[PDB]
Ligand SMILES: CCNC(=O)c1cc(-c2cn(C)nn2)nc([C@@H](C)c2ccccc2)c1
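In the block that follows, a single chain appears as structure tokens, in the form deposited without this ligand.
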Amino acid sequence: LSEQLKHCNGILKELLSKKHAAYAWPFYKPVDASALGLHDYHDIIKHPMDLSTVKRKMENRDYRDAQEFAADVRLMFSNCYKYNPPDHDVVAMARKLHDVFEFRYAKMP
């Protein structure tokens, strides 16, 4: 519970760390749809999510358990898979960071 949330915080720190920065960077901050010219993004994605939002939520004790934390991290990846064609560069980066996430999440106490 507290212990599972510590494991989740460890995962989050790893996802934001230099080790994974070459492919994690698209997930660091909310998608700025206007700035990127993605004028359909918010018609297609109902629930935006990104790692800075997950971090704020963890810091504020929003997540009561691991499952709630994981749902947001997975939501972030699902948004990427929903919006972008499956052969897009950002999707290749998502698959790698998602693999990092799932393998360490599976080691939950």
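Note that residue numbering begins at 1 and tracks the sequence as displayed.
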{"property": "Of 54 to 62 and 78 to 86, the stretch whose C-alpha atoms average the higher B-factor in the entry", "result": "54 to 62"}
{"property": "Higher-B stretch (mean Cα B-factor, as the entry records it), 31 to 39 or 68 to 76", "result": "31 to 39"}
{"property": "Assigned third (lowest, middle, highest) for the C-alpha B factor of residue 20", "result": "middle"}
{"property": "Among modelled residues of the same chain, the CA temperature factor third for residue 107", "result": "highest"}
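As for the form deposited with this ligand bound, it is not shown, yet the points below apply to it.
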| property | result |
| --- | --- |
| Pose source in the bound PDB entry; superposed partner this ligand; site open or blocked by backbone or C-beta within 2.4 Å | open |
| This ligand contact at residue 13 in the bound PDB entry, heavy atom, 4.5 Å | no |
| Interface membership of residue 53, this ligand in the bound PDB entry, 4.5 Å heavy atom rule | no |
| 4.5 Å heavy atom contact, residue 63 and this ligand in the bound PDB entry | no |
| Partner contact for residue 31 in the bound PDB entry: this ligand, 4.5 angstroms, heavy atom | yes |
| Partner contacts for 74 to 93, taking this ligand in the bound PDB entry and a 4.5 Å heavy atom cut-off | 80, 83, 84, 85, 88, 89, 90, 93 |
